[PDB]
Amino acid sequence: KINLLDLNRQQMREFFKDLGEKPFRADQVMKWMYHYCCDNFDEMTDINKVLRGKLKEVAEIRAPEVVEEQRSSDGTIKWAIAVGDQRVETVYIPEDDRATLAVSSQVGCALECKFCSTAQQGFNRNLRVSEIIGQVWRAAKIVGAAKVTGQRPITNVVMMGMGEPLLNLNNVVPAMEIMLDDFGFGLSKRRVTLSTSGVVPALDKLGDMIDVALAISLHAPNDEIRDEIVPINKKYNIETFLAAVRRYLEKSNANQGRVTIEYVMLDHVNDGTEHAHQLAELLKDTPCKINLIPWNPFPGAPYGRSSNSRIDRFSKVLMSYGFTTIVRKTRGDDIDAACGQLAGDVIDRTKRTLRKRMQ
Ligand SMILES: C[S@@+](CC[C@H](N)C(=O)[O-])C[C@H]1O[C@@H](n2cnc3c(N)ncnc32)[C@H](O)[C@@H]1O
Ligand code: SF4
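Going by the deposited numbering, the sequence shown opens with residue 17, and the numbers climb by one from there.
Now the structure itself:
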């Protein structure tokens, strides 16, 4: 069967057209899928029985299943999401004004950032469209669909889970189109954020095919430090990445002329005042919002979390130059906040297979 979660509205309309139906019936079906979090054609009351019969025969609504769940005391929910044999993560982060979902793009990652727990695993495969938007669907359902509960479950989506989004453009863009779509999750392009370590050629391509909010993962004042922290800097350095960001903003207006800059705080690597000064000079031409993220530790990594006093000094240096700097609050401290810890080692795959036999 065709999984309807793989399709955007354009593709959803043409599918129904081959079924012998008028375009807006696809829109009507999407609405049941995303506004009500429905995966059952029998539950769709305002669709005629004939159309309902065609859909059950050739189509399915199969969302990724939750294999594990962790609820924090601050509201943060973290899920291990099954995608065939392997596992990926999805984190729900509730706030006062916003509700943010962290979605994964790939199974593992090939970019080997030394401060990321997914790096040590290595890359396995990219996710399908259904496997990316189905994280949102599944999260929305469990949290509570908009037209079921009355309140939207998810107001903000950030592609900051496992994987590098820009190395999966073919599946990530259509999935984001569904997030943006009114018959999908009806999100503003300000509320859909793609994070990237800096795959420059792909970033130039992203701007030609969609307009969403960009956030860059910088983590360094210079190229000498970033070669160590973020290996892709060896291929596309900071000034090549910054120049690519300006080219994107000339096409994009989701950022409103100001790119988001992610900057993790690692003990005595990139958190002294001398790094803040260098970073201020670096970005003097590029308008931005700087998010200072405290490093969530995990076993194995050769780094420590930066003391909050050093984070304040670092922040105040940048604020003196006139940069808008945000110190991001840590979420899920009582649980595994570290990105990629719940979905653990690769060898569990075999141990899961023996589990199902004696179930
Ligand atoms: C996991 S990456 C995925 C998207 C993209 N490849 C990127 O690097 O931006 C998203 C963000 O998670 C953050 N991150 C990854 N591992 C972390 C860790 N162990 N502690 C704190 N932040 C982490 C990085 O700063 C990065 O900006
Ligand atoms: S930080 Fe982003 S790019 Fe670097 S390894 Fe982790 S997921 Fe891949």
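Quick reminder that beta carbons are idealized off the backbone N, C-alpha and C, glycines included.
Given residue i, which residues of its chain have a CB within under 6 Å of its CB, disregarding the five upstream and five downstream residues?
{"i": "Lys157", "result": "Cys53"}
{"i": "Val83", "result": "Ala96, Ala98"}
{"i": "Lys305", "result": "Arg274, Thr276, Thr340"}
{"i": "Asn253", "result": "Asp239"}
{"i": "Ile245", "result": "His235, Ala236"}
{"i": "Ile109", "result": "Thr92, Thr116, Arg347"}
{"i": "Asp197", "result": "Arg25"}
{"i": "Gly138", "result": "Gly124"}
{"i": "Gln86", "result": "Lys94, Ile351"}
{"i": "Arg78", "result": "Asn19"}
Pull up the CB-CB distance for residue i and residue j, whole angstroms please, since I reckon it's below 8 Å.
{"i": "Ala229", "j": "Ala270", "result": "4 Å"}
{"i": "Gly150", "j": "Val104", "result": "Not quite, the Cβ-Cβ distance comes to about 11 Å (not below 8 Å), so this is no contact."}
{"i": "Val215", "j": "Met175", "result": "The pair is not a contact, with the Cβ atoms about 13 Å apart (cut-off 8 Å)."}
{"i": "residue 381", "j": "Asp283", "result": "The requested residue 381 is not part of the displayed model; the chain covers only 17 to 375."}
{"i": "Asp220", "j": "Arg263", "result": "6 Å"}
For residue i, count the other beta carbons within 10 Å of its own beta carbon; 16 or more makes it buried, fewer makes it exposed. Which is it?
{"i": "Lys94", "result": "buried"}
{"i": "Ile18", "result": "exposed"}
{"i": "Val66", "result": "exposed"}
{"i": "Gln375", "result": "exposed"}
{"i": "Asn184", "result": "buried"}
{"i": "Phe257", "result": "buried"}
{"i": "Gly316", "result": "exposed"}
{"i": "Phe40", "result": "exposed"}
{"i": "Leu210", "result": "buried"}
{"i": "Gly36", "result": "exposed"}
{"i": "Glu81", "result": "exposed"}
Below 7 Å CB to CB, which residues in the same chain sit around residue i once its five sequence neighbours on both sides are set aside?
{"i": "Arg207", "result": "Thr171, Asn172, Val173"}
{"i": "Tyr337", "result": "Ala296"}
Which same chain residues end up closer than 8 Å to residue i when comparing Cβ atoms and leaving out the 5 residues on each side of it in sequence?
{"i": "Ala42", "result": "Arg25, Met28, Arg29, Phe31, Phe32"}
{"i": "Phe131", "result": "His235, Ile245, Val280, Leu282, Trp311, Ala317, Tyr319"}
{"i": "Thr134", "result": "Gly124, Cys125, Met178, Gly179, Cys355, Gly356"}
The stretch 324-335 in contact with the stretch 68-75 per 3-pair CB rule at 8 Å: Two segments are said to touch when three or more pairs of C-beta atoms, one from each, lie closer than 8 Å; by this definition the stretch 324-335 does not touch the stretch 68-75.
The stretch 121-131 / the stretch 150-164 touching (three or more Cβ pairs under 8 Å): Between the stretch 121-131 and the stretch 150-164, the count of C-beta pairs closer than 8 Å stays below three; the two stretches do not touch.
Validate contact between the stretch 345-356 and the stretch 295-312 using beta carbons, cut 8 Å, 3 pairs: Yes: the two stretches touch, three or more of their Cβ pairs being nearer than 8 Å.
Contact between the stretch 255-270 and the stretch 219-229 (3+ Cβ pairs under 8 Å): Contact between the stretch 255-270 and the stretch 219-229 is established, with three or more Cβ pairs separated by less than 8 Å.
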